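Okay, so here's the structure we're looking at.
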């Protein structure tokens, strides 16, 4: 759990943003203590109107592409795992399905040459992911099992660094903001992202006091 | 002098050995399973228990399959590592003997059984039916 | 000699309009 | 530094739709009753000079049963401020739990959903529902609710089922009393600043936690204030036979020795009860 | 509390004859 | 609060749409069928009832298939031609609705249902099942 | 009775008060029968403005 006390904008007390280390695969939690900035603005405290945004300042674009498929419930799904890794040189391909990031509602019997078979669990309808690894390059493969009537939507291919939809909470009695910061298994060590947090206060009458800060996520291996 | 025991505790097929079935349990208030094997098993087989919900398109057809949580009473110590109820027919159940069981708390309108992964080639030799109790409406 | 006695499982709703006498209108 | 005895609270209950439903009391938590499906036809108008007869077709008698569901909760303290307080949290919390029982029970008995809650007559949706016509205004086909409907609805109850009351959120009744004819005269209570007849004689028990179609009393309806067709307005039913409410044990409170870790004195409360819909032919629902 | 409106029923009469 | 009612009135399969299974009714003393449809029928569907005997070699396997006779109770005027029991699922029986019949006089120790000839086309959409009533061990 | 264009048939309150008091007087007392719905189709009748 991380913790940052934010500067209270009083004209008083290397890089700009704070430092956040991250490991590929983890899903951690962050706390920010807006007390020093919101307490003088005596009003109704904080309001759950925070807005996040993630930008990349160093990317190293992914080698292997991601992919997507579909199948009806109970039906097995076959697919390829070779047309996703355009290799520049000519060399061999050692496909692998990371056990720590296998599927969650089925099994995948990876063939010898970029082929695999995904048998969904009995009576299961939803989306299911698993993270393959070609020559060390990691990319996800999303499979959506449809409930045999028509179809399910096409999920958005989770980013390298993300903040989940709604797991944030803000305590107005102690001026503390919490959220979750998850790091994909496809994050590449060394890359750096930037999260800017826009938190809104409120006065006793119903106006706004905005506040903006940033954080520098550094994707490091071995924590 | 046997009675038409059909009405007043009817029963339906819930797992014929090849595909499952949802059985409606709204009209009744109490229900339970009756397992039965047709041929000798090879290892302990495990089934998952699912409950459905009325579909929004039509309230007389079951929606997607959610998995029923697990309720411990006091003596429970296994807890099945998942908090998701499941049955497990033990090995050495000769195919002329039935086994009964039921969940302590229903939820939803429907109920379903399906073989858990690993034991899908043995469940082809078992039969699971559901018999309810008194009708509320 | 067996005799059966079935009964439905799920009921259906029952909607029906409630038309009322119309706006008084003179026959001329 | 002059602490008063004033305890301004400013919270409301509903009314209660409990003295309407037929009451029955059970000790065991599983009761069972009989029902007469249909007497069936017996004997025809046979011809004469026919030394014979016909067996007709026998009736049917079903045998139903229903459970009783329980309702429980927990609330604890710290035992340190409970010794220095200038008040009594306990007697307040005891009251603050029964208030949660009375309002949860009555609400569930109306809109309860199947499992481990008595099936209310709203969601049961076997009461025949009567929906009203829309009206015209400047070509638009807005839905509406005229006094002409209310009289047509109340009177259309089958006379042989018995006397049946009506139930509706008081904002509907406020909507009725304030209708105007073409000129501008009121329809009810012509010229006395207020229309308020003895409801008991007009067989209208009133409540405040029914769906209330006039959203916060703000959807009388001429433009974007239309009633949003498909909203509950009022219900009418011979309640003493359309719906039953069972009772087994009133609420109790028991200290929980164990779990009280010498800081947190933890009380426990609960009660058991239930209900079920009887013959849902006696009873109709009016809808926009 | 914000000022809420108090829309009351207008002149409602008819359900079967549109005017010319 | 639901009771583990598999013991004390268990239920077994008797026709899953492709094969009949004899159900042992010796250990119990009352039993009945609970039909159920899986899709709309095409015409009337007729089923024959069979009772078995303890096999000549082994005393806990059913013998051959003998057709159970049928008995009237005052008001029989149909009186099936060859005096052999049979049940006719009437046409226009929707799904999510079950019919429950029972033979009055029990004989033998295994009973079975089979789709009568000329009616095994739309009989793959029915699924009969049996529920016994009261152990007598 | 005429509606906008067409000639839809109908049954007005005036058409009932004219039928009942049109019974040959020298026949003795004469009552009348009707389905409950028909009686609930004279109660909810409206004049020109809005009045029952």
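In order of appearance the chains are A, B, C, D, E, F and G, and numbering begins at 1 in each one.
Convention: contacts are C-beta pairs under 8 Å (C-beta built on N, C-alpha and C of every residue); 3 or more make two chains touch, one makes a residue touch a chain.
Asks: Going by the contact rule set out at the top, which chains touch both subunit F and subunit G?
Replies: Looking at subunit G and subunit F together, the chains touching each of them are C, D.
Asks: As a quick test, compute the distance in whole Å between the mean CA positions of subunit D and subunit G.
Replies: 37
Asks: Starting from the mean Cα coordinates of subunit A and subunit D, work out the distance between those two points in Å.
Replies: 47
Asks: Touching two or more other chains, which residues of subunit B qualify?
Replies: 4, 7, 24, 26, 29, 60, 105-106, 133, 137
Asks: Two or more other chains in contact with one residue: find those residues in subunit E.
Replies: Residues 11-18.
Asks: Do you know which subunit G residues sit against two or more other chains?
Replies: Those would be 3, 44, 46, 48-50.
Asks: If you go through all the chains, which pairs of them touch?
Replies: Contacting pairs: A-B, B-C, B-D, B-F, C-D, C-E, C-F, C-G, D-E, D-F, D-G, E-G.
Asks: Which residues of subunit G touch subunit C once you look at their complex with the stated criterion?
Replies: Counting only subunit G, the residues touching subunit C are 1-3, 10, 12, 41-42, 44-48.
Asks: Write out the stretch or stretches of subunit C touching subunit D in their complex.
Replies: Residue list for subunit C touching subunit D: 5, 11, 13-21.
Asks: Per the contact definition, I'd like the list of subunit C residues that touch subunit G in the complex.
Replies: 20-25, 27
Asks: Within the complex, which stretch of subunit E touches subunit C?
Replies: Listed in rising order, the residues of subunit E that touch subunit C are 13-17.
Asks: For the complex, give me every residue of subunit D touching subunit F.
Replies: Going by the criterion above, the answer is residues 29-30, 55, 67.
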